[PDB]
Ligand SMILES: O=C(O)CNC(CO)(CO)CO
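The chain that follows stands alone, in the form deposited without the named molecule, written as structure tokens.
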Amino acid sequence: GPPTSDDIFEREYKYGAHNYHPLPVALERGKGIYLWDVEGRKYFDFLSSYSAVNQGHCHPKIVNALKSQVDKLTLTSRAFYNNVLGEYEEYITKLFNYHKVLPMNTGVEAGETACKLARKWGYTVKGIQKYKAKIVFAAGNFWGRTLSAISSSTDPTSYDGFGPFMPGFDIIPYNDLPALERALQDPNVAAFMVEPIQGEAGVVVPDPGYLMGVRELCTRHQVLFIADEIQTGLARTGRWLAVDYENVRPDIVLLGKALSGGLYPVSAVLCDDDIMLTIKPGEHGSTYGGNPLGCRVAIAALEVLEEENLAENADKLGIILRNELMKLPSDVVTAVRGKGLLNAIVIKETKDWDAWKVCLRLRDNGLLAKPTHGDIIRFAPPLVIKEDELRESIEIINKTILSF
């Protein structure tokens, strides 16, 4: 017969690396806001694969683009041109109003690309001596698992045991304009990379005016503002980009995750010519970056977010979600935070009761969510969810929280 859930956990234990400890649920099917496990149980997805399935699981329009293009051509490499990449490049640069895009595959590769752009612009345009360029990051950041990405982390689970670390990366507190102003006094700083809302730090929303103040200070001191929108971008917070809430234009914008609707790893680095063209032919890229299959998928994924007005839906339904979550007793849920459909609750963790136990019981009651920190639970369902579906989910959350 087909493997049970326990079989599935045990087989991965034997033959796969132990780099994750997932919540014990074994899915085999996803459609829209729902997931089904191998026993046939149905769940609400309140993680959305960290924003990658904003459009819902297996969105038919995005599937159709994949199935149409896989019959024509999937990979030429960049040794030649394929016919899809320029159509995608025109579409996304016009959509976000930047001169150019550099295509990559995973979110961390977009971050690496942005660090390379910042350094090469710092040396060739700003006039920093080679190799004294610095990049500033905010404590709590997470942008992936390469040696460079963990070198900017303050999370020991990211960096401990994996050094020595990349030089030239400085760290300041998040949501702290005086600290950024102090860091940018060094003319060897080339850029500041920052998430408009910190995802893995626990959905940390900075104070109103932070993003405008970051833009003002970067401009004043001739520093590039890199906005990592790999989780916050593409409608998840209720705008096309979370920086749109303060009408702020970063110098470099990073996209990923929902760029493909979860059907393909596609990421993107957006900026104008004065930054982009510091990288010359032969100096950067990726085997799969800009391949025609990912590009057809990304065009469709972007079209879905536009045609279905998913940013408006995320905004309106996020307000319902936070308002209803705030009714839970303060002695058990100590904070509700978020924008759009990127939200989190904080739990009054005890000796025995923690975020992991809440998420186990949420799973028992038909809802899938992921803990972090032991007292933080993310709530981020796909943006195609409807109000009726949202309210049923909240009832699952209430039932679970109040069952303890």
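The term rigid core refers to the most C-alpha atoms you can superpose between the two forms while keeping them within 1.5 Å. Note that residue numbering follows the sequence shown and begins at 1.
* Asked: After a rigid core fit, does 65 to 73 or 348 to 356 show more C-alpha displacement in 9 other deposited structures of this protein?
  -> It is 348 to 356 whose C-alphas lie farther from the shown form in 9 other deposited structures of this protein.
* Farther-lying stretch by C-alpha RMS in 9 other deposited structures of this protein (rigid core fit) among 110 to 118, 156 to 164 -> It is 156 to 164 that deviates more in 9 other deposited structures of this protein.
* To do: Between 317 to 325 and 195 to 203, point out the one with the higher average CA B-factor as the PDB entry records it.
  => Comparing 317 to 325 with 195 to 203, the higher mean C-alpha B-factor belongs to 317 to 325.
* So which stretch wins on mean C-alpha B-factor, 17 to 25 or 383 to 391? -> In the deposited entry, the stretch with the higher C-alpha B-factor mean is 383 to 391.
* **Residue of maximum C-alpha B factor among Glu303, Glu90, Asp160, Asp170, per deposited coordinates** => Reading the PDB entry, the winner on C-alpha B-factor is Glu303.
* If you rank every modelled residue in this chain by C-alpha B factor, which third holds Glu307: lowest, middle or highest? -> For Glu307, the deposited C-alpha B-factor lands in the highest third.
* Which third of the chain holds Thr334 when residues are ordered by C-alpha B factor: lowest, middle or highest? -> It falls in the top third of the chain.
* To do: Sorting the chain's modelled residues by C-alpha B-factor, tell me whether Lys132 ends up in the lowest, middle or highest third.
  => For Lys132, whose C-alpha B-factor we compare with every modelled residue in the chain, the answer is the lowest third.
* For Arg249, does the deposited CA B-factor place it in the lowest, middle or highest third of the chain? -> According to the entry, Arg249 has a C-alpha B-factor in the chain's middle third.
* Going by what the PDB entry lists, where does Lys120 fall on CA B-factor within its chain: lowest, middle or highest third? -> It falls in the bottom third of the chain.
This next part talks about the form deposited with the named molecule bound, which is not shown.
* Should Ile171 be counted as a contact of the named molecule in the bound PDB entry, where contact means heavy atoms within 4.5 Å? -> Yes - in the bound PDB entry, heavy atoms of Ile171 and the named molecule come within 4.5 Å of each other.
* To do: Give a yes/no on whether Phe165 approaches the named molecule to within 4.5 Å in the bound PDB entry, heavy atoms considered.
  => Because a heavy atom of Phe165 falls inside 4.5 Å of the named molecule in the bound PDB entry, the answer is yes.
* **the named molecule contact in the bound PDB entry: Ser151, any heavy atom under 4.5 Å** => Looking in the bound PDB entry, residue contacts with the named molecule include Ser151, since a heavy atom lies within 4.5 Å.
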